[PDB]
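Written out below as structure tokens is the structure these notes cover.
Counting neighbours? That spans all protein chains shown, and the Cβs are built from the backbone with ideal geometry, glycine included. Computed from the coordinates by the stated procedures, all read-outs in this text should not be read as laboratory data.
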Amino acid sequence: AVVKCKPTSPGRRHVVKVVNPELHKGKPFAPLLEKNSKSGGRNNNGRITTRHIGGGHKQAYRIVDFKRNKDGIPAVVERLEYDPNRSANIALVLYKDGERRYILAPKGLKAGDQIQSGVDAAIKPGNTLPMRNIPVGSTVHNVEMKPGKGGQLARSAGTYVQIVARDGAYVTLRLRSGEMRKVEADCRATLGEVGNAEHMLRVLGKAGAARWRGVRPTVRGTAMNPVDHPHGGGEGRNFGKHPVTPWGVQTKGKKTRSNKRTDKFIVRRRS
Amino acid sequence: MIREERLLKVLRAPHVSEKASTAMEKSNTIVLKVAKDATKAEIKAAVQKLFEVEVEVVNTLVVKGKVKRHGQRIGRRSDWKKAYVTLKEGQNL
Amino acid sequence: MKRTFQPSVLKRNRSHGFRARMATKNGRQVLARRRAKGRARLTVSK
RNA sequence: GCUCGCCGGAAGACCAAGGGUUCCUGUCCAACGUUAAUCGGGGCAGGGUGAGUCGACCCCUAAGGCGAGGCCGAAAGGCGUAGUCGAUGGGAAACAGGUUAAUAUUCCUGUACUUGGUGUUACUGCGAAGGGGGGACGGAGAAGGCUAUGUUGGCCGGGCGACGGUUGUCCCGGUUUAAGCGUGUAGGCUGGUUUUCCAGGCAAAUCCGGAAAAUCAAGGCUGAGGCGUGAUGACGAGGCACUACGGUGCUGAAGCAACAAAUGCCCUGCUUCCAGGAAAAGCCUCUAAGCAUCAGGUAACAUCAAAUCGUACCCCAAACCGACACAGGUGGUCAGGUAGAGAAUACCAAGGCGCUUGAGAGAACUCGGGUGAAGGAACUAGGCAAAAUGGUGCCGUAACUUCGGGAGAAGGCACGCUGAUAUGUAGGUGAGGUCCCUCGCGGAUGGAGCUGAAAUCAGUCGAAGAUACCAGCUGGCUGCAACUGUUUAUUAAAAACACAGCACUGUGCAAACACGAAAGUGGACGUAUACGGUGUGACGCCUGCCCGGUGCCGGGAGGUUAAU
RNA sequence: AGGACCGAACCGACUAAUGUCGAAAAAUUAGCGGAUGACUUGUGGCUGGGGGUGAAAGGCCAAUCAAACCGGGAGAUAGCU
């Protein structure tokens, strides 16, 4: 999907277009369209919680059937669709019932592929079941954390997990980042990787992109005046301090993690 | 069945003016002063019993009184209702 | 130079409306303060 | 009243929003108005503002607010659930003309149409806080067709020219008509249609979904435009009669064809692009409960209604905003004729205006302008300004390099007008006739006419023909920073900021964190190709040491020491 | 195709000149930058003081912001006029 575009513009110079020539030009499937709101960082109180957030083009919704719990009833994909709500891409399948749904994509996932879910699922990618019956070692993705939560794992571009160990009732799993964690074998997950992994090839060179990719500028902290930020001061470009949170807590490295609700699942921390 | 009680009340007055006469002649359209409620159909039936005649249909309206001052103190007339009230044919009184 | 005041009767209401004040406590805590002083006009919606 | 001047993508007309009587009549000149006032948004009085259809209201939501329950919380109360309202949005339909001093799509005329209700009729499965569909949506381009619109002719009707000519390639005006209706087009999309069956659409489906099988290639749907009706009507120059010297009344001819062609419509089209592009009602289907004899619905007829509230007027502004009748600001709608690439530039059209003191006088000094001998920047902090250039088409045109640019590099050419080529050519347009076909608003046809470059050549005036306006100076060396961007509403616009990638770091979800007295927020409807923070800034070459200090990550052996 | 160019409107405020009791509590004149996009402007809505938001200047917050306005404490206090 890689093409360097030609430097016709001061400003078109380092662009990187990311073109799937197979992405369906056209409008999404109505049965998955849902109204969305641009938070811009605000809260219920309205105060802007997360910063540099706001703007960004109008952007529809595709409720992901993360659960995919439909067993014994098979489906065939019809279209891989691009969603700005992800970095991955979404694939409409047609269950033998006739009910329809997008799904996220294994790499080799293309039009014309027939799958389903369930403990007796085929082992061709895209199908999914829990890793009590998923064979060990296999490289997988789209993973649950608790039974029936829906799935909050490997959800992303070229994401996938390879089994390191299966602990009786349990399984440790290699996150694409490098922590290994016990998860119940009945927690379901999807076989294979994710396609589309080239996102990182995109460089969003124009300010316009992140602008219309919904990014406020982010200050060079110390550049601002002491008046508010931890970093600050400098009669010209001076730090002489510690890098800390914009509320004062050191950065450039502080172990801050304390969940402890689940740490017993932290088998080996990520590096 | 608009009750004559409220009915007889509703009407305020007949008015006189050039345009009034002019509707009178060109159209046989009566020209009145009537209440704040003074809904069209109200007026219709009202004048209809009050002259024993055959209303066609009316136009409603709202005047805005002038805010004149009365010596030094300022005032403004409470507003009222005229109406363009005609019949296919009728005898004016 | 487009100066301070801009008009909207709608915005007058939704700004300091009779319903506005009377809906909130603090609002409910002004009508007196003026009735206390005895303003001719309660608020600006007349 | 006359002559003069001025504007006119507005200093015109119509609106929202605001204004909330100023508009017009009559009347007076205290004060108000910056002079005078006979005039008035000034004083006083009267008047006028008409909606089944134009808005509002209304039906629905939209981001939002509020909030029964509840949860959280000292009390305030936070918050959200059910809900529930909240347009800049969506949803039934009107127009032409006439009409007054003062409104008007509401009044008169005429022609519409739309939404309920009521009944009468025959047909009779309908019905829903619920199913589905539809409403329904982005950007960029690009035509083509049409049309308003505009041009010429034909037409009519007027007239014959204040001084050379001016009975005709003469001159002046005009050369009109709505909605809807019926047409159904250029066009755009669309496979139809039948039968069966099915873990799907929260029950249920006859519907949407699907599966199959069939089975035929048509239909459907959309959609300007144009045509007939409209509209033998009215309008419509003018004429005539009367006068309130302001308008009345009647007549009212012609009122067609062709050209040119929208930033408008077909267009929610098409085709492409990634930045991936409201919702729900109105509408259509559906059945649950229920009743389906009733009801309800189908439709034909008939009938009725279609509340109110708004409605004048003002508006790029004397009425809005800024204390003034304000050289400041305020969105939307329309958009002529002349050259012109042209929503401009100039100058007129309809229109409208001539900016509320005037008049003389013509020293300085100003303030804007124009004008200039030689010199040509020596002036000045600084070539600030000014000047100086500028267009079109062609030829030709560096350094350097991210190969694009630069590069309107530079530099030069040439330009009016008439004639001919060629009494308008290229081109465009397309008449008639001729035909062809399932007959149409069909097609090939042929070119009638008409519109219409550009070039060449001829000839020729000037001093000059990019003739006015309009309309970059350019060079070369570099510091800076890659720039498009942002910025000090009001003394500063860059190197300051941001920024694209890059690295660091932190973090595997009840995530980090931020607000939050906590609920619970956003993150993120995301799950590390993700986000946070920091640093830094494209890109190419690269990015060393000092871990002492100070922070941070880890290690614990011992000293260390609270609370108990 | 372009955060393309020239340049209308539109938005902006770079240079000078008036003008600084001015017509305006920031203008206009001469110019001038952007001019399909980080475009721009309505209408609606949201954000709150040691708070908000800020492409950061300590900006900007009803002309007024190194801590808004307004009420109160409070007739704050003043080895100082």
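Go over the candidates A:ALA210, A:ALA223 one by one and state the one that is within 13 Å of RNA strand E (Cβ to nearest atom), surrounded by 10 or more Cβ atoms within 10 Å (Cβ to Cβ) and under 23 Å from the mean Cα position of the chain (by Cα).
A:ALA210
What's the total number of residues in segment A:5-41 that are within 7 Å of RNA strand D (Cβ to nearest atom), of a type in the set (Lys, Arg) and under 22 Å from the mean Cα position of the chain (by Cα)?
Matching residues across segment A:5-41 total 2.
Restricting to segment A:203-215, what's the tally of residues that are in contact (Cβ under 8 Å) with a residue 24 or more places away in the chain and near RNA strand D (Cβ under 7 Å from one of its atoms)?
Qualifying residue count for the region: 6.
Among the candidates A:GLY108, A:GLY126, A:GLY168, which residue alone is away from RNA strand D (no atom under 12 Å from the Cβ), touching a residue at least 60 places away in the same chain (Cβ under 8 Å), surrounded by fewer than 18 Cβ atoms within 10 Å (Cβ to Cβ) and away from chain C (no Cβ under 14 Å)?
A:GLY108 is the lone residue from the list that is away from RNA strand D (no atom under 12 Å from the Cβ), touching a residue at least 60 places away in the same chain (Cβ under 8 Å), surrounded by fewer than 18 Cβ atoms within 10 Å (Cβ to Cβ) and away from chain C (no Cβ under 14 Å).
Within segment A:78-91, is even one residue surrounded by fewer than 18 Cβ atoms within 10 Å (Cβ to Cβ), free of Cβ contacts under 8 Å to residues at least 12 places away in the same chain and either away from every other protein chain (no Cβ under 14 Å) or among the hydroxyl-bearing types (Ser, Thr, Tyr) (or both)?
no
What's the number of the only condition in (1) exposed (fewer than 15 other Cβ atoms within 10 Å of the Cβ); (2) under 28 Å from A:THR218 (Cα atoms); (3) away from RNA strand E (no atom under 16 Å from the Cβ) that A:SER39 fails to meet?
Just one mismatch for A:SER39, condition (3).
For A:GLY148, work out the one condition from (1) at negative phi; (2) away from RNA strand E (no atom under 16 Å from the Cβ) it doesn't fulfil.
Condition (1) is where A:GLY148 drops out.
Exactly one condition in (1) more than 16 Å from RNA strand E (Cβ to nearest atom); (2) more than 16 Å from A:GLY126 (Cβ to Cβ) is false for A:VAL76; which is it?
(2)
Would you point out the residue of segment A:84-121, among those that are touching a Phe, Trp or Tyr at 6+ places or on another chain (Cβ under 8 Å) and part of a loop (DSSP other than H, G, I, E, B), that is farthest from A:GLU22 (Cα to Cα)?
Only one residue tops the list, namely A:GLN116.
Identify the single condition in (1) in contact (Cβ under 8 Å) with a residue 60 or more places away in the chain; (2) in contact with a strand residue (DSSP E or B) (Cβ under 7 Å, 6 or more places away or on another chain); (3) within 8 Å of RNA strand D (Cβ to nearest atom) that A:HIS57 does not satisfy, given that it satisfies every other one.
(2)
Would you confirm whether any residue within segment A:191-199 is near RNA strand D (Cβ under 9 Å from one of its atoms) and in contact with a helix residue (DSSP H, G or I) (Cβ under 8 Å, 6 or more places away or on another chain)?
Checked segment A:191-199: no residue is near RNA strand D (Cβ under 9 Å from one of its atoms) and in contact with a helix residue (DSSP H, G or I) (Cβ under 8 Å, 6 or more places away or on another chain).
Which residue is farthest from RNA strand E (Cβ to nearest atom), if the candidates are limited to segment A:1-18 and must be loosely packed, with under 11 Cβ neighbours inside 10 Å and part of a loop (DSSP other than H, G, I, E, B)?
Step by step, filter segment A:1-18, then rank; the result is A:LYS4.
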